[PDB]
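In: quick one, structure for this:
(chains A, B, C, D, E, F, G and H)
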Amino acid sequence: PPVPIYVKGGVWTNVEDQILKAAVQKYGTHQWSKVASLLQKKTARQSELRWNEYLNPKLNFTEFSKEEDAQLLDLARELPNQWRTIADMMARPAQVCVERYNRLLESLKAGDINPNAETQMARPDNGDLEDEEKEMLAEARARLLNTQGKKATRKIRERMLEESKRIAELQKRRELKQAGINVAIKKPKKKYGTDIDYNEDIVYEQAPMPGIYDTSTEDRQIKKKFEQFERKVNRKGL
Amino acid sequence: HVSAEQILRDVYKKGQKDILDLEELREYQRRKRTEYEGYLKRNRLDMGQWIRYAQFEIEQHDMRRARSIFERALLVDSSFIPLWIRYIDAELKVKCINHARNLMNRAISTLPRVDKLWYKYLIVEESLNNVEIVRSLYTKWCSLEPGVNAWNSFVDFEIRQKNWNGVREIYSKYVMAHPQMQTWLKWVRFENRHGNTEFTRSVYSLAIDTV
Amino acid sequence: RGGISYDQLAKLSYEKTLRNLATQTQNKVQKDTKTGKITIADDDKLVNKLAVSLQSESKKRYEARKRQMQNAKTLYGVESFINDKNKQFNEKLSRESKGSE
Amino acid sequence: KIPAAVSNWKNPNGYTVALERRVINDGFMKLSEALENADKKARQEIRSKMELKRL
Amino acid sequence: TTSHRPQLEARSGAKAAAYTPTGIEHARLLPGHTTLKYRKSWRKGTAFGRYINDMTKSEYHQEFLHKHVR
Amino acid sequence: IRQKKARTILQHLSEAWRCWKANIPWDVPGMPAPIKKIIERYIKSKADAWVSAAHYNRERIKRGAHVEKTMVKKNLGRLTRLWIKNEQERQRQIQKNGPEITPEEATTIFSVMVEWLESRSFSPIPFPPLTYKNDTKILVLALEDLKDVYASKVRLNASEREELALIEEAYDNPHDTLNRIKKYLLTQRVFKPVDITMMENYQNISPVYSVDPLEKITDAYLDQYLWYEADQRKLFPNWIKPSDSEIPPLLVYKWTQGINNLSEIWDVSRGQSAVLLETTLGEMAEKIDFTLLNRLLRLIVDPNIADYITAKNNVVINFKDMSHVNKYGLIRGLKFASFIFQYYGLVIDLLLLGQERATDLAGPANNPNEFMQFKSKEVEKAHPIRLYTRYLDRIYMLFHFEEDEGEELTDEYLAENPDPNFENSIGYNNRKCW
RNA sequence: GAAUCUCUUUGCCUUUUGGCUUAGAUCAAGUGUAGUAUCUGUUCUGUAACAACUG
RNA sequence: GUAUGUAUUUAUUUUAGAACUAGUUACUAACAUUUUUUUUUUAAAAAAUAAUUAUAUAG
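Out: Residues are numbered from 1 along each chain as shown, chains lettered A, B, ... in the order given. See below for the structure:
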């Protein structure tokens, strides 16, 4: 129901630059197809060009100093029109270098495809938005939200369902207790032959290896306190 | 206006959005113990889970299970000091002083080079006002050649007890356990504060002839 | 002053607790040779004060951490994040990178 | 103190880390100088040969 | 996710010592080597005619790689 | 350390290994020094074992040993890393140490090429006019070989659908896309990245360079125009092979036949001898300096075409997560790469032959010669070099001598290289096939 | 000097990224009908006192 | 479409709101079967060509 966009080179707007930035923060630099899937009407290579040429904060967009500018005239003299090598020598993007070289030596129609669109300035947007851009930001927030797998999401669901299942299981017992028939709570079943129930025994009980001092009366005081707590939970209910 | 920070504020705000008898208590307990023993059968390490599971058995007012859990927690990792301190405190807060005395004994005899354990046992015996035990504890604690924090603590103890005759005996061993001039000068300043001219003079002479 | 060791923080904690014990004070041994056990005769009071002291101190430290959590959860002026745990991770990165260089 | 590790490949808990965090020799000149001199030399020689042709 | 652990321990040999064994006989524990040993012109027209301890920076790797890439 | 920190320390080991594979330098800003030394030590260990295992498994793949499918995919993926790492270090050492081309060599090469093109009276290939008379048919032929790839398959990934859409558009409005090509050949000098992938052949590994589809149309048009106009002006002489006239078995058939038809070549009655030498010209493409290429190539074309050609090479090269800027080599995957390849081979063919035998083998430009023919028999016999031909890398030379010439030549060689122990026969290579 | 409450820097970081390999690999152009999700628009806004009984 | 997992108790253990309205996006679903070659003009003109399909797909 969208007709297919076969050629996806366009003009970079503001929306796509900002979604590319908030996608590179989460997805990282070397996954480009997963970045460019987040914003339609652009390609994984054109996302890579828009990062490495324009949106990168390491890139040097300032005015040229006088030593920089004389260095540019000399390097453009020595290396004839090898602009990637020159731009590597200046730590500046190559499009900046070419346009500033044109400004030194000086002293698009409609219906054309612009090849240099990734290196050029963005277009700010009309005031409300377009509808497809509303859809783009909605699905982009939806894909930047999730940090879980299938197993973990199913675990969230299973914990909630077991919780509500226990609540219903206690509800019926409280109703039958009001009626006067005391159904004891059934236990979960063991999945294997030596699966351990944890109210029968202290399961790996380690005694504290007695010393020189005497602990009879403190034992009696603890035993009194615990017996009284269990009786109070039986009568009054915590 | 749209920027990446406003997108991520929207994403953050989006993703941010009855025991009545004893049988319900036993079911709550069985379920929670299956939980904790599962996460400790899988990861034998992670002392924080051991302390939380021990605190759970403290909240159930069952002290024997909490003791067994703390002992099983020490068998994995005896080098871990906050576990020793929780188990001593978990004895003390329920007013079981002899269990914690046995425990502080086993702690300072297991790890004698750890300073905080001896000081814990000294706090506990001060708080109960047992001055003979605190003197005996600092006596053994000074006997093992500890370091100057232990010695300054013992000279402060015997200042607070106003046993003026004993502080000279402590410094007379402390100038041999640590020979510097700062220890001789500490005994100098004590003899100027709480001694005669003649004692301070003899202390100075005993300094200078050995030097 | 920087980071403090454990042998020094131990002494400062001991001295603060004794200072507390002095202001709180302001406001035998029997060896049974049959078993070898020592019964120390301690008063019931000063045990209750020790237990209530430890309980009140743990509650005080607990409430201080609880209030620090809310006052560190209000301030959003660090960085952009997507959940409650990313905020703590990004504040950790700010604390390391501000101190380092 | 070892800093915390941020990787540009893997992001297991899927966080959103700060975007600032994740990201001549003389023979060149001498060569190009000799090629320019060779150009001017070849043009001078071909103009001399042209003038000796028209004689 | 969360099934991908860096192993941070190892299975202790003491942990499987109180087990009661079984007695299956293995093919690699049959008797074998039961005995123990014991000690007691035309050449003129031309214009030109007259171990570094790192493996990737060696010459063997460069001759390999200059052979196999064509 | 208390033990929670350890599993966070090892993440630098994992990240440092990932940076080793991708040839990214791995500096951590606030790292303590001996811990960085420990990690750098253990990563050099792991990488040594990695490189050794790649070599061992490629030798077992060459010999013919049994090997899985997954193991051959893993070995191709290992060797592509090793190749591009050698390539990046070669680019870096060239940028550091300066060129090896040493300006005196470049001066005399430029003089040889100007002298040859003045003997030919070559007229340089212009920029294509705004109304070129052959222009639509050259566009048809140039879109044909781009279309030919997609004749087979109907299952298409999105990059192929992008290419087919561009081809169908260029077929639908031909004048508009031709005007666009004319604009890009004049005012474009910064190009997009170029991927490289490896296609294996089980005895060796081979590169495939894949260009942007919009630039590829322009390179195909420039390719077709360059070969058409160079053929109209007789740039390449007769020895330059592969030619359009003949299939390779017809080439080897003609070459044996022409070896037979030389004058008295099989005569041996007076001690005379003939010598066939045949040898590869080495790494001819990967030593092409761009500044020398521009000045060598401005002799034959328009300056703007020359600037496009020597600016199209300086691009960025990408395997999976590894890029580098190609500063010194010739990319073979460009559509117009074959023309540059043969022209540089013509420079080397002139340096091998010389001016006097290149005009004998070529013949005067008013009427050129045949492939292995001379205008008279005494022009054939005026020199020992009798036949010469060059296929892509390889040269073939046929010498004839008398007795005296061969004796006085081996006297020169055994003057500057004596062998009293008679070990000239052990280094010598001949075909064990026969 | 000393305690109680409360706020700053300073320590502590306390829900504070838990393996491997060929970046593990590939690719996101189908119609109806149906389910789920969300998103735009319009209108309207008995009580008190007095007389009597204390059962 | 498999794998794999989950659910299925009776034979009784003593005492700020209110109302109205319709389509646009994604994702999922073993759930479902209107020709070929052109030409020409600005709808009409020409030319042309030949007893009828699968129940089969899985990590």
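
In: smallest gap between chain D and RNA strand H, at which residue?
Out: residue D:14 (19.4 Å; C-beta to the nearest atom of the strand). In this view, the C-beta of every residue, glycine as well, is placed from N, C-alpha and C.

In: same check, this time on chain B
Out: For chain B, C-beta to the nearest atom of the strand, closest residue to RNA strand H: residue B:23, 11.8 Å.

In: same check on chain E?
Out: For chain E, C-beta to the nearest atom of the strand, closest residue to RNA strand H: residue E:3, 15.0 Å.

In: that residue contacts residue A:151, correct?
Out: Yes. Between residue E:3 and residue A:151 there is a contact at 7.5 Å, judged by C-beta atoms under 8 Å.

In: of these two, who's got more company?
Out: Neighbour count, other C-beta atoms under 10 Å in any protein chain shown: between residue E:3 and residue A:151, residue A:151 has more, with 10 against 7.

In: show me what contacts residue D:21?
Out: C:93, D:6 (C-beta atoms under 8 Å, 6 or more residues apart in numbering or on different chains).

In: er, residue B:16 actually
Out: Residue B:16 neighbours (C-beta under 8 Å, 6+ apart): C:83-84.

In: does any part of the helix of greatest length in chain B sit near RNA strand G?
Out: Secondary structure assigned by DSSP state H gives helix B:22-42 as the longest helix of chain B. No. Figure legend: helix B:22-42 not in contact with RNA strand G (C-beta under 7 Å from any atom of the strand); closest approach 7.9 Å.

In: what's downstream of that helix, the next helix or strand?
Out: The helix or strand immediately downstream of helix B:22-42 is helix B:47-59, counting by DSSP states H and E.

In: who are the packing partners of that next one?
Out: For helix B:47-59, the packing partners by 3 or more C-beta pairs under 8 Å, 6 or more residues apart in numbering or on different chains; DSSP states H and E come out as helix B:22-42, helix B:63-76, helix B:81-92.

In: give me that answer again for 6 Å
Out: When contacts are defined as 3 or more C-beta pairs under 6 Å, 6 or more residues apart in numbering or on different chains; DSSP states H and E, helix B:47-59 packs onto helix B:22-42, helix B:63-76.

In: and among those helices, the most buried is which?
Out: Stretch with highest mean neighbour count among those: helix B:63-76 (a mean of 20; mean count of other C-beta atoms under 10 Å in any protein chain shown).

In: now that helix, how far from the centre of its chain.
Out: Distance of helix B:63-76 from its chain centroid, counting by C-alpha atoms, centre = their mean, to the nearest Å, is 18 Å.

In: kindly report the same for stretch F:354-362.
Out: The answer for stretch F:354-362 is 25 Å, by C-alpha atoms, centre = their mean.

In: wait, does the helix or strand where residue A:47 lies contact chain D?
Out: Here residue A:47, judged by DSSP H and E, is contained in helix A:44-50. No. Helix A:44-50 does not reach chain D (C-beta under 6 Å from any C-beta of the partner chain); its nearest approach is 12.6 Å.

In: in chain C, which residue is most central in space?
Out: Centroid check for chain C by C-alpha atoms, centre = their mean gives residue C:61 as the closest residue, at 6.0 Å.

In: residue contacts, that one?
Out: Listed by C-beta atoms under 6 Å, 6 or more residues apart in numbering or on different chains, residue C:61 has no contact partners.

In: what helix or strand is it located in?
Out: Applying DSSP H and E, one finds residue C:61 within helix C:48-74.

In: make CSV out of the helices and strands packed on helix B:47-59 and add distance to residue F:380.
Out: Formatted as CSV, the helices and strands packed on helix B:47-59 follow (distance: least, C-beta to C-beta, whole Å):
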stretch, distance to residue F:380
helix B:22-42, 90
helix B:63-76, 96
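
In: would you list these in JSON lines and tack on distance to chain F?
Out: Listed next are these as JSON lines, based on distance: least, C-beta to the nearest C-beta, whole Å:
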{"stretch": "helix B:22-42", "distance to chain F": "15"}
{"stretch": "helix B:63-76", "distance to chain F": "11"}
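
In: returning to that earlier point: ok, the residue of chain D closest to RNA strand H touching residue A:147?
Out: Yes. Between residue D:14 and residue A:147 there is a contact under C-beta atoms under 6 Å: 3.2 Å.

In: wait, residue A:92 sits on residue A:61?
Out: No. Using C-beta under 6 Å, residue A:92 is not in contact with residue A:61; the gap is 8.1 Å.

In: who's more crowded, those two?
Out: residue A:92 (19 against 9).

In: show me the contacts for the residue of chain D closest to RNA strand H.
Out: residue A:147.

In: mind redoing it with 10 Å?
Out: A:26-27, A:144-148, C:82-83, C:86, E:1 (C-beta atoms under 10 Å, 6 or more residues apart in numbering or on different chains).

In: show the buried residues in those residues.
Out: A:26-27, A:144-145, A:147, C:82-83, C:86 (16 or more other C-beta atoms under 10 Å in any protein chain shown).

In: and chain A, which residues reach RNA strand G?
Out: Near RNA strand G, when you scan chain A using C-beta under 7 Å from any atom of the strand, you find A:1-2, A:4, A:30-34, A:36-37, A:44, A:134, A:138.

In: nearest to chain F, of those?
Out: Closest approach to chain F among the residues of chain A next to RNA strand G (C-beta to the nearest C-beta): residue A:30, at 4.6 Å.

In: now do the closest residue to chain B within the stretch 1-150 of chain F: how many residues are near it, please.
Out: Proximity of the stretch 1-150 of chain F to chain B (C-beta to the nearest C-beta) peaks at residue F:3, 6.6 Å away. Residues lying near residue F:3 (other C-beta under 10 Å) number 14.

In: returning to what we had before: so which of the buried ones among the contacts of residue D:14 sit within helices?
Out: Going by DSSP H, the helices hold A:26-27, A:144-145, C:86 from the buried ones among the contacts of residue D:14.

In: quick check: the farthest pair among the residues you listed?
Out: Greatest spacing in these, by C-beta to C-beta: A:27 and C:86 (14.3 Å).

In: so can I have JSON lines of the contacts of residue D:14 showing distance to chain D?
Out: Shown next, in JSON lines, are those (distance: C-beta to the nearest C-beta, whole Å):
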{"residue": "A:26", "distance to chain D": "5"}
{"residue": "A:27", "distance to chain D": "7"}
{"residue": "A:144", "distance to chain D": "7"}
{"residue": "A:145", "distance to chain D": "9"}
{"residue": "A:146", "distance to chain D": "8"}
{"residue": "A:147", "distance to chain D": "3"}
{"residue": "A:148", "distance to chain D": "8"}
{"residue": "C:82", "distance to chain D": "5"}
{"residue": "C:83", "distance to chain D": "8"}
{"residue": "C:86", "distance to chain D": "5"}
{"residue": "E:1", "distance to chain D": "7"}
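
In: what's the closest of those residues to residue D:29?
Out: Closest approach to residue D:29 among the contacts of residue D:14 (C-beta to C-beta): residue A:27, at 44.0 Å.

In: the closest one against residue A:144, yeah?
Out: Yes. Taking contacts as C-beta atoms under 10 Å, residue A:27 lies within contact range of residue A:144: 8.8 Å.

In: let's verify the residue positioned nearest the centre of chain D: helix, strand, or coil?
Out: Centroid-nearest residue in chain D: residue D:24, 9.0 Å away (criterion: C-alpha atoms, centre = their mean). With DSSP: H, G, I helix; E, B strand; the rest coil as the basis, residue D:24 sits in coil.

In: chain neighbours aside, what residue packs nearest to it?
Out: residue A:89 (6.6 Å; C-beta to C-beta, 6 or more residues apart in numbering or on different chains).
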